[PDB]
Amino acid sequence: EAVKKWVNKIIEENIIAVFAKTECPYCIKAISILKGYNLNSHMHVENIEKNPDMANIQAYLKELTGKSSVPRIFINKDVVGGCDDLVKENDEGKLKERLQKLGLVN
Ligand SMILES: [Hg+2]
């Protein structure tokens, strides 16, 4: 219950929520792509490897998204997925569309 509520609060209180691990190039790449849209002010990155409940958090992320791996990326509570999903959305114009709908890019 407590772990789920904690994860939920991160997803619900930040428009852009990224769950990450320590020194992971795909975490770093995804976060850099998002900051390249000047999303810093509405982004929260949570390092779940530096957490005693990493496995619980990952299991819940898999319940929510189908995958336990990080990075795990949510935008306005919608599941984006991992860095590869973000790259696809970015290259194909979907990411910009999402952000436009949120007033985050003009
Ligand atoms: Hg990627």
Side-chain angles (χ1 to χ4, degrees), residues 2-4 6-49 51-105:
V3 171
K4 285 191 180 189
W6 180 88
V7 170
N8 287 353
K9 286 282 176 177
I10 291 166
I11 296 170
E12 293 184 281
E13 300 190 340
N14 304 282
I15 297 179
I16 316 292
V18 182
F19 298 88
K21 70 182 169 279
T22 307
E23 309 176 336
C24 166
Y26 288 103
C27 282
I28 290 164
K29 182 187 178 81
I31 294 162
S32 182
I33 289 170
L34 291 161
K35 290 186 172 178
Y37 281 91
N38 202 37
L39 300 179
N40 314 46
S41 68
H42 287 286
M43 280 176 57
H44 174 84
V45 175
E46 189 70 32
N47 181 343
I48 68 164
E49 180 174 3
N51 192 298
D53 300 326
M54 186 187 189
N56 301 130
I57 296 163
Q58 286 184 266
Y60 185 43
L61 290 172
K62 190 176 190 168
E63 292 177 6
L64 292 180
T65 74
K67 290 190 185 179
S68 66
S69 54
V70 288
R72 217 96 284 274
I73 303 165
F74 302 79
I75 293 184
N76 194 32
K77 293 165 278 184
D78 297 318
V79 176
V80 173
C83 187
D84 293 357
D85 297 305
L86 185 72
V87 166
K88 177 180 174 56
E89 288 201 8
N90 191 37
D91 286 7
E92 297 181 351
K94 168 82 167 306
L95 180 54
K96 188 189 201 163
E97 212 144 338
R98 285 189 194 271
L99 303 175
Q100 277 172 332
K101 291 174 65 175
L102 304 166
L104 291 170
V105 301

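Residues: numbered from 1 along the sequence shown. Remember, it's 1-based here, ligands and their atoms both numbered in the order they're listed.
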| What's the spacing between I28 CD1 and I33 CD1 if we round to 0.5 Å? | 12.5 Å

| Roughly how far, to the nearest 0.5 Å, is the CG atom of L64 from the CG atom of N8? | 6.5 Å

| Between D84 and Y26, is a side chain to side chain donor-acceptor pair (under 3.5 Å) present by the stated rule, with each step listed? | CA-CA 8 Å; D84 293 357; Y26 288 103; 5.6 Å; no

| query | Salt bridge between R98 and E89, side-chain N to carboxylate O under 4.0 Å? | reply | yes

| For the Hg ion (ligand 1), which protein N/O/S atoms are closer than 3.0 Å? | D84 OD1

| For the residue pair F74 and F19, does the interplanar ring angle fall in the parallel (under 30°), tilted (30 to 60°) or perpendicular (over 60°) class? | perpendicular

| Only one of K94, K88, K96 clears side chain to side chain donor-acceptor pair (under 3.5 Å) with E92; which? | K88

